[PDB]
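Novice: The structure that follows is given in the form of structure tokens.
In PDB author numbering, the protein residues as written are 1 to 207.
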């Protein structure tokens, strides 16, 4: 399946694509404002994620650090990124269908639209100005808005035991982006698409 990753922001993003233990395609690439990158994701991939990284510093060998979404200091990600990261999440060819969502469970950095290229399903968007509205306690010093689990590290927020519920911090994200997951046990906002669809992930969407 193809995923067209389009940067419409007025800043560079270092796009990232991983399934947690390996890169998807090349795993990462610099996208200046206005640039696109099309990747191929293998059929059947479960637990894939695409995200933006901001304010990255890489050396000639592709090692360094990003202020949001860093994946082990690499340009070409093989693992998931450090919060805060708006996440495009997908599993493909699952019982004949593809499943897509956006999540704020690991915070928010860059606004995003995640849409199919087919008319057969509808996309998802989280593009409210979460960073400009971020409560002080959630603001991340290098940019972005952390989720409350990252900040507080208790099960109330991290959903590590029992049955967590919404909190005032999850509701901050959820009210701004009701089509994205706001905590681990949020009511799902996953979209069913025809199996083997193609997609576009747009940073700073407007259309």
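Just so it is clear, CB atoms sit at the ideal spot from N, CA and C, and this is done for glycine as well.
What residue does the beta strand (DSSP E) around residue 90 start on, and which one ends it?
Specialist: 87–94 is the extent of the beta strand (DSSP E) around residue 90.
Novice: Rounded to whole angstroms, what's the CA-CA distance from residue 102 to residue 108? Just pull it up for me.
Specialist: Near 10 Å, if we compare the C-alpha coordinates of residue 108 and residue 102.
Novice: Roughly how many angstroms separate the alpha carbons of residue 37 and residue 113, rounded to a whole number?
Specialist: C-alpha separation (whole angstroms): 15 Å.
Novice: I need the straight-line Cα distance from residue 258 to residue 78, nearest angstrom please.
Specialist: Because residue 258 is not part of the residues shown, which for the chain are 1 to 207, the question remains open.
Novice: Measure the C-alpha to C-alpha separation of residue 134 and residue 145 and round it to an integer number of angstroms.
Specialist: Looking at the two C-alpha atoms, the distance is approximately 6 Å.
Novice: Per DSSP, which one or two residues make a beta bridge with residue 80?
Specialist: DSSP lists no partner for residue 80.
Novice: Leaving out five residues before and five after residue 127 in sequence, what residues of the same chain have Cβ atoms less than 6 Å from its Cβ?
Specialist: Hits under 6 Å: 111 and 205.
Novice: According to DSSP, is residue 30 helix, strand or coil?
Specialist: Residue 30: strand per DSSP, three-state reduction.
Novice: Suppose contacts are defined by Cβ-Cβ distances below 8 Å. Is residue 5 in contact with residue 50 by that definition?
Specialist: A contact, by the Cβ cut-off of 8 Å.
Novice: How should residue 175 be labelled, buried or exposed, when 16 other C-beta atoms within 10 angstroms of its C-beta is the threshold for buried?
Specialist: Result: exposed.
Novice: Apart from the five residues on each side of it in sequence, which residues of its chain come closer than 7 Å, Cβ to Cβ, to residue 184?
Specialist: 105, 159 and 164, listed in sequence order.
Novice: Note down the Cα distance separating residue 199 from residue 180, rounded to an integer number of angstroms.
Specialist: Their backbone Cα atoms lie some 17 Å apart in a straight line.
Novice: Straight-line CA distance for residue 26 to residue 140?
Specialist: One C-alpha to the other measures close to 28 Å.
Novice: Spell out the partners DSSP gives residue 145 in its beta bridges.
Specialist: Paired residues: 108 and 139.
Novice: Who pairs with residue 203 in a beta bridge, going by DSSP?
Specialist: Paired residue(s): 7 and 112.
Novice: Check each candidate in 130, 92 and 119 and name the one with the smallest Cα separation from residue 237.
Specialist: The shown model of the chain, from 1 to 207, leaves out residue 237, and the question about it has no answer.
Novice: Given residue 123, which residues of its chain have a CB within under 7 Å of its CB, disregarding the five upstream and five downstream residues?
Specialist: For residue 123, where only same-chain residues beyond five positions count, the Cβ hits under 7 Å are 113, 114, 115 and 116.
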